[PDB]
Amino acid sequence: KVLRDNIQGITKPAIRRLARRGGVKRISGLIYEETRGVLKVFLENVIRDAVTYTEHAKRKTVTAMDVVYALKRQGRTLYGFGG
């Protein structure tokens, strides 16, 4: 079945919560769509690289390692999932 418009599952309250963790007291109504934009770009970049690691391995399943390697490449090393 066709996947569409899923960036809207990244809800307003969920964006509010992350801003809180980041110390933000007041949030303009325009922030929610800017954030979605940015998240999407962030995910496109990491996922593009993870998927390339998957294809290179001749696999159909994206692993924690493809993601960990993908993040490493973008200078965003992650601890907790192998490597």
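Whichever C-alpha set is largest while still superposing within 1.5 Å between the two forms counts as the rigid core. Residue positions are given as counts along the sequence shown, with the first one as 1.
Enquirer: Is the larger C-alpha RMS shift in 4 other deposited structures of this protein, relative to this form with the rigid core superposed, found in 57-65 or in 6-14?
Expert: Output: 6-14, the stretch lying farther off on average in 4 other deposited structures of this protein.
Enquirer: Figure out for me whether 20-28 or 70-78 is the more displaced stretch in 4 other deposited structures of this protein, taking RMS C-alpha distance from the shown form once the rigid core is superposed.
Expert: Larger mean C-alpha displacement, comparing 70-78 and 20-28 in 4 other deposited structures of this protein, is found in 70-78.
Enquirer: Taking the chain's C-alpha temperature factors as the reference, tell me which third residue 20 falls into: lowest, middle or highest.
Expert: Its C-alpha B-factor belongs to the lowest third of this chain's values.
Enquirer: Can you tell me which third, lowest, middle or highest, the CA B-factor of residue 57 falls into for its chain?
Expert: Answer is highest: the recorded C-alpha B-factor places it there.
Enquirer: Splitting the chain's C-alpha B-factors into thirds, which one does residue 67 fall into?
Expert: For residue 67, whose C-alpha B-factor we compare with every modelled residue in the chain, the answer is the lowest third.
Enquirer: Give the position of residue 33 by CA B-factor within its chain, expressed as the lowest, middle or highest third.
Expert: CA B-factor rank for residue 33: highest third.
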